[PDB]
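> I'd like to ask you about the structure that follows.
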Amino acid sequence: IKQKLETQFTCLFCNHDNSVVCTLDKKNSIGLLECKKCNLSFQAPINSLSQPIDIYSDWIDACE
Amino acid sequence: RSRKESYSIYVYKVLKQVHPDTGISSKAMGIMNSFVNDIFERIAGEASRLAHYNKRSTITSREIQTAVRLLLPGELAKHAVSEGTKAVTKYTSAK
Amino acid sequence: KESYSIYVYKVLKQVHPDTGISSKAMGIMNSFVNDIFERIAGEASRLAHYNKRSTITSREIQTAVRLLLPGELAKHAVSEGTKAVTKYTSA
Amino acid sequence: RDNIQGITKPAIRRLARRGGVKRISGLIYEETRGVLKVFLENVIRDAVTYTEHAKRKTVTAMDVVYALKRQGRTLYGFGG
Amino acid sequence: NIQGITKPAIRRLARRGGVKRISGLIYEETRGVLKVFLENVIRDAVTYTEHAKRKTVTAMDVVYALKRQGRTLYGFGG
Amino acid sequence: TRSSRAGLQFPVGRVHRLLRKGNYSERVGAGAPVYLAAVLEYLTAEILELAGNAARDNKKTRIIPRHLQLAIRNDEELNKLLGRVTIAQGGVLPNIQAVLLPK
Amino acid sequence: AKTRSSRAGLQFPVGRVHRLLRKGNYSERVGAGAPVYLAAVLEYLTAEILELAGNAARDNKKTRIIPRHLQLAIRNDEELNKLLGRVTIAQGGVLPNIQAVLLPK
Amino acid sequence: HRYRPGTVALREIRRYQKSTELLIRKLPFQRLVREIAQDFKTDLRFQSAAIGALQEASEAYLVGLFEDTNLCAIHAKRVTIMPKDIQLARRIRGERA
Amino acid sequence: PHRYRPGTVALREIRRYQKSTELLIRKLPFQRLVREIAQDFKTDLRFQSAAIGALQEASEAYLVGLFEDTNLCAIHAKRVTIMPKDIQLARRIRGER
DNA sequence: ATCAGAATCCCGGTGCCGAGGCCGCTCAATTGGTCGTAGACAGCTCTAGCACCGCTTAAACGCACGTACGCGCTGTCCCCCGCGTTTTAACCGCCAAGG
Ligand SMILES: [Zn+2]
Numbered sequence: 001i002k003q004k005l006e007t008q009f010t011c012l013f014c015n016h017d018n019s020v021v022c023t024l025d026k027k028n029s030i031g032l033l034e035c036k037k038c039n040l041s042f043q044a045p046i047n048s049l050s051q052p053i054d055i056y057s058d059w060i061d062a063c064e
Numbered sequence: 001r002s003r004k005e006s007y008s009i010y011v012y013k014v015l016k017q018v019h020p021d022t023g024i025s026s027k028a029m030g031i032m033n034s035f036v037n038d039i040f041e042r043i044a045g046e047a048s049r050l051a052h053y054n055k056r057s058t059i060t061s062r063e064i065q066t067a068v069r070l071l072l073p074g075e076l077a078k079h080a081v082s083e084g085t086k087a088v089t090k091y092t093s094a095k
Numbered sequence: 001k002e003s004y005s006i007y008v009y010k011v012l013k014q015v016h017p018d019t020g021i022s023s024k025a026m027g028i029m030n031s032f033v034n035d036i037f038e039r040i041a042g043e044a045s046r047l048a049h050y051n052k053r054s055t056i057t058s059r060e061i062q063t064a065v066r067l068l069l070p071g072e073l074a075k076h077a078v079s080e081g082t083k084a085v086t087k088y089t090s091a
Numbered sequence: 001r002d003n004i005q006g007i008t009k010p011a012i013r014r015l016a017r018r019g020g021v022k023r024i025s026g027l028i029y030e031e032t033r034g035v036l037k038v039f040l041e042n043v044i045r046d047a048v049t050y051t052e053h054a055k056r057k058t059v060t061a062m063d064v065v066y067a068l069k070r071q072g073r074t075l076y077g078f079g080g
Numbered sequence: 001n002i003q004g005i006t007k008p009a010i011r012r013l014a015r016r017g018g019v020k021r022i023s024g025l026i027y028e029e030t031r032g033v034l035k036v037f038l039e040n041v042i043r044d045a046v047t048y049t050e051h052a053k054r055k056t057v058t059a060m061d062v063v064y065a066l067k068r069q070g071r072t073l074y075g076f077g078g
Numbered sequence: 001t002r003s004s005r006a007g008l009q010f011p012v013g014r015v016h017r018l019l020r021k022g023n024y025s026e027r028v029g030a031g032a033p034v035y036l037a038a039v040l041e042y043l044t045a046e047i048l049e050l051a052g053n054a055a056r057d058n059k060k061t062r063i064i065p066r067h068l069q070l071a072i073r074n075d076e077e078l079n080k081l082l083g084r085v086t087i088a089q090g091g092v093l094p095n096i097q098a099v100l101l102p103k
Numbered sequence: 001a002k003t004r005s006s007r008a009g010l011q012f013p014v015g016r017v018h019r020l021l022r023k024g025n026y027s028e029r030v031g032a033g034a035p036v037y038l039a040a041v042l043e044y045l046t047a048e049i050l051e052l053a054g055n056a057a058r059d060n061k062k063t064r065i066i067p068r069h070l071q072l073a074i075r076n077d078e079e080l081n082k083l084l085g086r087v088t089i090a091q092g093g094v095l096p097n098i099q100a101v102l103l104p105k
Numbered sequence: 001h002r003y004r005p006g007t008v009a010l011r012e013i014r015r016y017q018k019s020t021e022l023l024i025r026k027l028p029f030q031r032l033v034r035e036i037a038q039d040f041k042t043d044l045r046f047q048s049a050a051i052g053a054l055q056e057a058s059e060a061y062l063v064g065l066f067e068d069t070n071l072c073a074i075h076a077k078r079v080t081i082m083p084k085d086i087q088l089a090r091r092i093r094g095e096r097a
Numbered sequence: 001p002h003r004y005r006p007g008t009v010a011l012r013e014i015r016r017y018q019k020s021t022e023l024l025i026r027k028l029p030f031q032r033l034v035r036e037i038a039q040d041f042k043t044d045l046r047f048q049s050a051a052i053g054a055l056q057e058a059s060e061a062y063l064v065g066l067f068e069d070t071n072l073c074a075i076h077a078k079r080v081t082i083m084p085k086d087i088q089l090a091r092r093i094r095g096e097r
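The listed protein sequences derive, respectively, from chains A, B, C, D, E, F, G, H and I.
Each residue of the first sequence is one higher than the one before, starting from 1 at the first, in our numbering.
Each residue of the second sequence is one higher than the one before, starting from 1 at the first, in our numbering.
Each residue of the third sequence is one higher than the one before, starting from 1 at the first, in our numbering.
Each residue of the fourth sequence is one higher than the one before, starting from 1 at the first, in our numbering.
Each residue of the fifth sequence is one higher than the one before, starting from 1 at the first, in our numbering.
Each residue of the sixth sequence is one higher than the one before, starting from 1 at the first, in our numbering.
Each residue of the seventh sequence is one higher than the one before, starting from 1 at the first, in our numbering.
Each residue of the eighth sequence is one higher than the one before, starting from 1 at the first, in our numbering.
Each residue of the ninth sequence is one higher than the one before, starting from 1 at the first, in our numbering.
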């Protein structure tokens, strides 16, 4: 079953903190970051061990 | 709050003119707004081609007339040209 | 009132360098080039007005070439355009 | 007058053969003439309208090019 | 996948089209042509959203892509 | 407002603004938007007049878009105009090939 | 290199295209990389289609490209044919379409 | 008892020329469209109004193409559709080469 | 003599006209028909020849496309003889009413 | 034709909800005033569109005539309509045992 989790991460674009939601679909190995404020979205691959800090880390490197 | 556009009140008044006892749905009002958008866009594109096939950059009403009777079919077009021309006379005759 | 004739000659000598051409063939080619230029440019102007961007950079041109030409042509064209951007940007 | 009847049956034949048509019925020719006529009606109406705004009493090749681009039956070859 | 298209759906498509009598291979042929249609449409739609630098395809971009295929549809703000 | 001074119903200066921001030319004349607005005005008058007749047919008071699509598909020149046009909640002509009617 | 064409190593005039954009009523301002980018796309399209032109003209032992060659090379392509679907060439004609029901068997 | 064929179909043609409501219902159509876009890009949250737009355009498109295909078959001295009829209509419109 | 029960004549001339390059309708009567249609909306108009040649080109192309789809309609009709309602169906599908 | 009976139409009914009135804002249309060149216009020049004809000839027209695809008919055989029978997509309420 999918996991819809709220986090305390800051969006890299709109800068609103505590407004990034992480949807981890392990059945298809696809993780999804969403911003509850400016509405941006970022997709990245996840394994079985990953957690909201794993894809949020991949989002920091995808920008820089 | 960003201010968005509609043409709803204008054509709404026109509808009230031509049919006082008539209601309308909201989606259809949006459809008519899109209708005005589309017709305006085709006209304006023909106006830009009028410019570039005439090597001029001024727009007068004459170009609008020839654009309309390029786009629209004949009888409807000539009635519309009549309406626009009489409006040109009534406006520019006064200030 | 310039046509693109020697440009065509130089492309032709870069590809099939032992090849002639008729006059009206060149005419159809320049008709073609003008059509393509107009279609891309107008689509880029649509990109601006649909996106409220007061000018146009190369990124708009890339996405417009995507919007007009299909896959293989599109990818090779994006490659050639970025390579030209690279070599002009280096010097 | 009657240049609509200037359309010849062997010309329609030749057009069918380059068109690849083998067998020709007899009830075809005037129907063909009518369709060709309506086509050219819309074409020359639009071309003459382009020349109406041109304020020149002579229509150019460029005019007909632009008008047929307006119909979307767009033809190259002569510039425009 | 593509087999989410039911037989009575394409039958209802014949009915609003007004078509009476139905053959067999129609169904899979229909799904194929619908697929290629949506392929071109959503490809250039996602191209629009690629230029938008945003993660959600707008309804506007859908409308403009329909205009780009000469398939102008009113109704939804276009 | 120039529209009232033209005795019409569409706002001139909004159109004059949109002509400027459309890159439609370099300069914009005086009364060209008046002419264009009147063209729009007669077009929508004719369209919605037929739509009003369409509502008179079904005895409906609020316009549904089905009325709009029907009134488009009835008139000749309008349907040749909007040939490449479709509308959500449109539908088509109630039309039956009588060769497929039974005997 | 004084000229931007030599600075791009290409064959088209870029400032031509930039003036075309300026004398286009296309945008209000035009950047520096877009005209180069578009001209490069044009140059690729020319070379790409002239490849099929060269082979199609070489099919008939003729040094000169005729319009029939161009129409043949377009219709023998797939991407260019779906490109040029609403498009007609002067002095073109169409492909040999002999149906199988027609040959004397 | 049993009714004689062809009748109910035309009666529901007269019924289905009336409501312009969407024929394909939402969820499976949405899954198909999502499974398609994914092939072009990832993480693309669809506006639901855009989904309705796709649905409308697709259904009207297919209905009109059916109308031309039906008239092809009526010309073909038959009543029932064939896949070759769809090929003929598409060959006239020019989707496929 | 060598009367030849048919088949080589038509298909051979198809081979010739598809080896061909140039036009088929000859110039003058087409020009006079053009001027007769032209004499209907604004009188007394003059013309350059290249316009007329473009008109002839696009005219023959338009009719060639009509003939191609008409031919495929006939092949689907299990016939080789054309019919007028073939052309009417072709223009029905082309949206050029 | 002709009756029985499915199928659909069509008339109060009520409900609920969004179309439309309405009302207090503020930002673009306006109003007025100031440079400026694009174009409306006068006018010069040479091209080309037009008309005409004489000569050449290949192209159309009419007919002779067989003939062979187009077609009406036929039998036939088969496979979609449809109505019936489950049946599963789609969508809300309980046991796991681990925390
Ligand atoms: Zn954000």
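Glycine included, every Cβ here is placed at the ideal spot set by N, Cα and C.
1. Compute the Euclidean distance between the alpha carbons of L95/G and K87/C, then round it to the nearest angstrom.
2. Taking 9 Å as the threshold (C-beta atoms), are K36/A and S57/A in contact?
3. For the region 12-34 of chain D, list every residue whose C-beta sits within 7 Å of some C-beta in chain I, in sequence order.
4. Which residue comes first and which comes last in the beta strand (DSSP E) that contains residue 98/I?
5. Flag this pair as yes or no: are the beta carbons of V64/D and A47/D separated by less than 9 Å?
6. Please identify the residue among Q91/G, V17/G and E51/G whose C-alpha is closest to the C-alpha of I66/G.
7. Smallest Cα separation from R66/C: which of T56/E, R54/E and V41/E?
8. For the alpha helix (DSSP H) that contains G31/A, what are its first and last residues?
9. For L73/E, does the three-state DSSP call read helix, strand or coil?
10. If the cut is a Cβ gap below 9 Å, which residues of chain F does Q17/H touch?
11. Using a Cβ-Cβ cut-off of 9 Å, state whether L38/E counts as contacting chain F.
12. For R2/F and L72/B, what's the separation of their Cα atoms in angstroms?
13. Should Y4/I be labelled buried (16 or more other beta-carbon atoms within 10 Å of its own) or exposed?
14. My assumption, with CB atoms under 8 Å, is that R49/B sits in contact with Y76/D. Please give the rounded CB distance.
15. Name all residues in chain order for which at least one heavy atom of ligand 1 lies closer than 6 Å to the residue's CB.
16. For chain A, is any of its Cβ atoms less than 9 Å away from the one on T58/E?
17. So, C63/A versus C38/A, is the Cβ gap smaller than 9 Å?
18. So which of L11/I, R26/I and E22/I has the shortest CA-CA distance to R17/D?
19. Under 8 Å Cβ-Cβ, which residues of chain B neighbour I64/F?
20. By how many angstroms is the C-alpha of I30/A removed from the C-alpha of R86/G?
21. Between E60/I, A74/I, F47/I and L66/I, which lies nearest to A61/D when the distance is taken from Cα to Cα?
22. Under 9 Å, Cβ to Cβ, is there at least one residue of chain F near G75/E?
23. Which whole-angstrom value describes the C-beta separation of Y42/F and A80/B, a residue pair presumed to lie in contact below a C-beta threshold of 8 Å?
24. For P10/D, name the three-state secondary structure that DSSP assigns.
25. If we call anything under 9 Å between Cβ atoms a contact, is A44/B one with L19/F?
26. DSSP beta-bridge partners for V21/A?
27. Looking at chain D, is there any beta carbon in it that lies within less than 9 Å of the beta carbon of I6/C?
28. Just verifying my parser: in three-state terms, what is the DSSP assignment at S27/G?
29. Quick check: the region 73-89 of chain H against the region 5-20 of chain F, are at least 3 beta-carbon pairs closer than 8 Å?
30. Report yes or no: is there a C-beta of chain F within less than 9 Å of the C-beta of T72/E?
31. Closest Cβ-Cβ distance between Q8/A and chain H: below 9 Å?
32. Within its chain, find whatever has a CB closer than 8 Å to the CB of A52/E; leave out the 5 residues flanking it on each side and keep chain order.
33. With DSSP as the reference, please indicate the residues paired to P45/A in a beta bridge.
34. On the DSSP bridge assignment, give the partners of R64/G in chain order.
Answer, in terms of the structure:
1. Position 95 of the seventh sequence, counting from 1, holds the residue named residue 95/G. Position 87 of the third sequence, counting from 1, holds the residue named residue 87/C. When rounded, the distance between both Cα atoms is 41 Å.
2. Here residue 57/A refers to the residue found at position 57 of the first sequence. Here residue 36/A refers to the residue found at position 36 of the first sequence. Between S57/A and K36/A, the C-beta gap is not smaller than 9 Å, which leaves the two residues out of contact.
3. Answer in chain order: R14, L15, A16, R17, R18, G19, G20, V21, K22, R23, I24, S25, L27, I28 and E31.
4. There is simply no residue 98/I to check, as chain I begins at 1 and stops at 97 in what is shown.
5. The count along the fourth sequence starts at 1 and reaches residue 64/D at position 64. The count along the fourth sequence starts at 1 and reaches residue 47/D at position 47. Yes, the Cβ-Cβ distance between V64/D and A47/D is below 9 Å.
6. Counting from 1 along the seventh sequence, the entry for residue 66/G is found at position 66. Comparing C-alpha distances from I66/G to each of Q91/G, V17/G and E51/G shows the shortest one belongs to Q91/G.
7. Residue 66/C sits at position 66 when you count from the first residue of the third sequence. Out of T56/E, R54/E and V41/E, the CA that lies nearest to the CA of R66/C is found in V41/E.
8. Residue numbering aside, residue 31/A sits at position 31 when the first sequence is read from its first letter. Segment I30 to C35 is the beta strand (DSSP E) holding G31/A; no alpha helix (DSSP H) there.
9. Start at 1 with the first residue of the fifth sequence, and residue 73/E comes out as number 73. Strand, per DSSP.
10. Working through the eighth sequence from its first residue, we reach residue 17/H at position 17. Neighbourhood of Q17/H in chain F, by CB distance below 9 Å: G91, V92, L93, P94, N95 and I96, in chain order.
11. The residue given as residue 38/E occupies position 38 in the fifth sequence. Taking Cβ atoms only, chain F never reaches closer than 9 Å to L38/E, which makes this a no.
12. Taking the sixth sequence and counting its residues from 1, one reaches residue 2/F at position 2. Taking the second sequence and counting its residues from 1, one reaches residue 72/B at position 72. Looking at the two C-alpha atoms, the distance is approximately 26 Å.
13. Position 4 of the ninth sequence holds residue 4/I. By the 10 Å Cβ count, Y4/I comes out exposed.
14. Residue mapping note: residue 49/B aligns to position 49 of the second sequence, counting from 1. Residue mapping note: residue 76/D aligns to position 76 of the fourth sequence, counting from 1. Here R49/B is actually not in contact with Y76/D; their C-beta atoms are around 17 Å apart, not less than 8 Å.
15. In chain order, the hits are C11/A, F13/A, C14/A, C35/A, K37/A, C38/A and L40/A.
16. Taking the fifth sequence and counting its residues from 1, the one referred to as residue 58/E is at position 58. Among the residues facing chain A, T58/E is not included, as its CB has no counterpart in that chain under 9 Å away.
17. Along the first sequence, read from residue 1 onward, the residue named residue 63/A stands at position 63. Along the first sequence, read from residue 1 onward, the residue named residue 38/A stands at position 38. No, the Cβ-Cβ distance between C63/A and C38/A is not below 9 Å.
18. On the fourth sequence, residue 17/D is found 17 positions in, with the first residue counted as 1. Ranking the options by Cα distance to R17/D, first place goes to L11/I.
19. For the purposes of this step, residue 64/F is identified with residue 64 of the sixth sequence, where counting begins at 1. Result: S25 and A28.
20. Stepping through the seventh sequence from its first residue, residue 86/G is reached at position 86. Stepping through the first sequence from its first residue, residue 30/A is reached at position 30. Rounded to whole angstroms, the separation of the alpha carbons of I30/A and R86/G is 42 Å.
21. Within the fourth sequence, the letter at position 61 stands for residue 61/D. Answer by Cα proximity: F47/I.
22. Translated into the one-based positions of the fifth sequence, residue 75/E becomes position 75. Interface residue, yes.
23. Position 42 of the sixth sequence, counting from 1, holds the residue named residue 42/F. Position 80 of the second sequence, counting from 1, holds the residue named residue 80/B. Right, the Cβ-Cβ distance comes to about 5 Å (below 8 Å), so this counts as a contact.
24. Indexing the fourth sequence from 1 puts residue 10/D at position 10. Three-state result, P10/D: helix.
25. In the second sequence, counting from the first residue as 1, residue 44/B sits at position 44. In the sixth sequence, counting from the first residue as 1, residue 19/F sits at position 19. A contact, by the Cβ cut-off of 9 Å.
26. Taking the first residue of the first sequence as position 1, residue 21/A is located at position 21. Per DSSP, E6/A and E34/A.
27. Stepping through the third sequence from its first residue, residue 6/C is reached at position 6. Closer than 9 Å: no.
28. Residue 27/G sits at position 27 when you count from the first residue of the seventh sequence. Three-state result, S27/G: coil.
29. No, the region 5-20 of chain F does not touch the region 73-89 of chain H.
30. The residue given as residue 72/E occupies position 72 in the fifth sequence. Chain F contact via Cβ: present.
31. Here the question's residue 8/A lines up with position 8 in the first sequence. Chain H, which has no Cβ nearer than 9 Å to the Cβ of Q8/A, makes this no.
32. Walking along the fifth sequence from the start, residue 52/E turns up at place 52. Close CB contacts of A52/E within its chain, under the 8 Å cut and outside five residues either way in sequence, are with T58 and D61 (chain order).
33. Position 45 of the first sequence holds residue 45/A. DSSP output for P45/A lists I30/A as bridge partner(s).
34. Residue 64/G sits at position 64 when you count from the first residue of the seventh sequence. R64/G has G20/C as its beta-bridge partners, per DSSP.
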